[PDB]
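Before any questions on binding or motion, here is one chain by itself as structure tokens, the form deposited without 1-phenylurea (PHU).
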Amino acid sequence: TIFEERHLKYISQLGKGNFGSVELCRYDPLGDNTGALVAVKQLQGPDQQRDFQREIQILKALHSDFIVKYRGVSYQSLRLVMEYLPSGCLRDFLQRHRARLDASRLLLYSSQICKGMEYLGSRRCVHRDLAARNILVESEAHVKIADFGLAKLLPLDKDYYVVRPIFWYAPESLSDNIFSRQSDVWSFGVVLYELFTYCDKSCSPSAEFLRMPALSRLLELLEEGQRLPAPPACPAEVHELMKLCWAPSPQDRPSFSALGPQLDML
């Protein structure tokens, strides 16, 4: 739970979240290079130092097969140590191994994410940035949700939270900065789209919405009932779930708990 700085061997850069920098390291106390690989997040202002301390505590308290595992912290500077998922980001994974991933396997990922999200909801936690770029691949048969830097905990007497990339945002989030489990559902509809386009750049959410002020443009387009199209070779039933995920009103969207069985039984 407390990883010593001098034993964390820097290997390379894994990327930047919404927030800071993530680095691949080997925690190698014995010195043999036999140590376990770990992902280490850190910052390099007070406002994000505050949100970082929350993110550490959120990930620490969450326990699920489909959420990146917290492992500890490293100290006069605070770093977050997490398990390393060596197959990397789902976005890149899908583009690389498209040829060997049929619809059944995409549904498996959808279901695993749905179960991860169902768990978050029960911990009254709103991810706020659910997207393929923030999903990680544990193995070819297993994915996990990551990056809780923008994550908010619903007040204990409220089902929404108002707050201070737009193509994953629900309408009420764009217009009124309102976020909730239901705004997470909207975004889940977009990852379904990403899964079944194999995160192809040329037909990404941005490329489609751009083809269809930018924030006000998107919002007017959504209010008109226009949506991302059915991905090619996406089963019709899955497309219908996306459409339900993108219901105009938050209350008309299905819960993650209702989606799960619908995804599993196709």
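Residue positions are given as counts along the sequence shown, with the first one as 1.
If you look for the form deposited with 1-phenylurea (PHU) bound, you will not find it shown, but the lines that follow are about it.
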Of these, 60, 54, 227, 26, which has a heavy atom no more than 4.5 Å from 1-phenylurea (PHU) in the deposited complex? 227
Quick one: of 190, 94, 125, 106, which gets a non-hydrogen atom within 4.5 angstroms of 1-phenylurea (PHU) in the deposited complex? 190
I'd like to know if residue 198 sits close to 1-phenylurea (PHU) in the deposited complex, meaning any non-hydrogen atom pair within 4.5 angstroms. no
Does any heavy atom of residue 209 come within 4.5 Å of a heavy atom of 1-phenylurea (PHU) in the deposited complex? yes
Would you classify residue 205 as touching 1-phenylurea (PHU) in the deposited complex, given a 4.5 Å non-hydrogen atom cut-off? yes
Please determine whether residue 167 contacts 1-phenylurea (PHU) in the deposited complex, using a 4.5 Å cut-off between heavy atoms. yes
Of the listed stretches (182-190, 112-120, 98-106, 155-163), which one has a non-hydrogen atom within 4.5 Å of 1-phenylurea (PHU) in the deposited complex? 182-190
If you check in the deposited complex, do 218, 222 and 246 all have a non-hydrogen atom within 4.5 Å of 1-phenylurea (PHU)? yes
